[PDB]
């Protein structure tokens, strides 16, 4: 009887296959001849874009230990080349066929295929990814479209990439949406670049709910009155968050687009622009699009005629070339039959950690948990360890399964509360999920085992990337010691992030929101850093057109668009003329922290002074309990 069948092999399955090979666990992979969207994109020469996620969060530990030198955003080409390199390693273990049906029995499954070949396996892992409406726009994308009006009903990373590609052809862009959360993918800390995933310090949730809520939520929830922030200048960007019924923030189910702010884009790419564009570094600054009117927001119920293909806004009846109905992702699951008869019904919340379904025996889901920020790699690497342990260690399998239903209820209570299921329930803060799995497996760190201030920075401020949990113990990867060292040396041991928590520990939510926006450049959607880059934008558009052999007349003036922008930007044309604690507090804080790096915590003196009380309390956080684990 085959011990393990893995169904689907692209990106998610890679770390699990690595661990099964290491422990010489008998396994077979079944994966479609057709491959993935990355194959559609490769074949048709449209791997001409870049990830919305950092190298550190997007490649697996066992690659980073070799290949990490600096933080950067990988290209689509680099991500695909890495899939292909791992496929080549394991191709002999891959049967090229398509699973049509799985019949699940008490201790095995029967797997049916398009060819007709059937397989029996004790343990079955699904790593088949998602179907996505929007993939055709990307894979079949036509750039000879010019001066046309596009209407999007949803903002997501796919819409943002499409928009990035349309705008340089003077395509006009209308978003008819119920608001969206956009976040600069790279930010300044005292004029050094940090990818946003570097600044989440998620284990601060263990100090308290309320404290972590203040570290994180002012850029998302409409909390500051600062007229510089995109959600004040363009309030149609705001959302109905009335659904949120959890003290865990950011909540499970929050999705965000990560985008290049034009100032950071300029800093990286100004000096070899055309070459950086051809590599896939595309300017996708939605905030700059709103600023410049290249995109407009209209209310969610701005009526439109689908027969005449018209949107009417103010007094112009705008004909549109295309309505984009907005991305929805659904797992590519074959039919699964409970005791080989009753269709399994898939729902994220009814699975433990997005991995273990109820009423199935020895079936696991790998790659169906989506990270709020950072790459999928963080999520699938930890899921792969979790699955590997469940398959290979009956003691662990029994420990998790014995109370599976209670664990799932306690997880759902903690992260969703009373909210009804939503299509984005599968979206999680990466540094809660990785930590959650680490504590289930037992490869977590204990806060009480911190000895020095250096140790508290590593526990609380060092990002919860999967490789954090592969330094020592059961899943240790060779070279993680040197990788952690490089990362720490290049980011001042995450002292800046740590002193953010020190600065706001005494503030209420309104005070922390004001302080967040008191910077010369606050982290996200700072509309003061847009006007200065108008000339660079024109250089960018001409560089984009040069790389993609486009010609269009800006001497040709779409006078109708110019008119609808005015109407859309009315709140902005009032709010912006009304336009630095954080910078100074962080500057002072870092100096203090970097000065006591190697000081013993437990022995730090009594009697700032209460910032020492606080630092000593970090050995005994009071919100450490997670009832789906204990």
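Positions refer to the first chain, counted from 1.
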> When you step from residue 579 to residue 580 in this entry, do you jump over none, 1 to 3, 4 to 9, or 10 or more residues of the deposited sequence that have no coordinates?
Replying inline: 4 to 9
> Do any residues of the deposited sequence lie unmodelled between residue 607 and residue 608, and which range holds their number: none, 1 to 3, 4 to 9, or 10 or more?
Replying inline: 10 or more
> Per the entry, where is the mean C-alpha temperature factor higher: 310 to 318 or 170 to 178?
Replying inline: 310 to 318
> Comparing 120 to 128 with 186 to 194, where is the mean C-alpha B-factor higher?
Replying inline: 186 to 194
> From 525, 201, 154, 233, pick the one with the largest CA B-factor in the entry?
Replying inline: 154
> Of the choices 91, 381, 350, 329, which one's C-alpha carries the largest B-factor in the record?
Replying inline: 329
>> Considering every modelled residue of the chain and its Cα B-factor in the PDB entry, is residue 431 in the lowest, middle or highest third?
In response: lowest
>> Sorting by Cα B-factor within the chain, modelled residues only, which third would residue 1 end up in: lowest, middle or highest?
In response: highest
>> Quick check for you: using the entry's CA B-factors within this chain, is residue 416 in the lowest, middle or highest third?
In response: middle
>> Based on the deposited C-alpha B factors for this chain, I'd like to know if residue 250 is in the lowest, middle or highest third.
In response: middle
> Taking the C-alpha B-factors as the PDB entry records them, is residue 556 in the lowest, middle or highest third of its chain?
Replying inline: highest
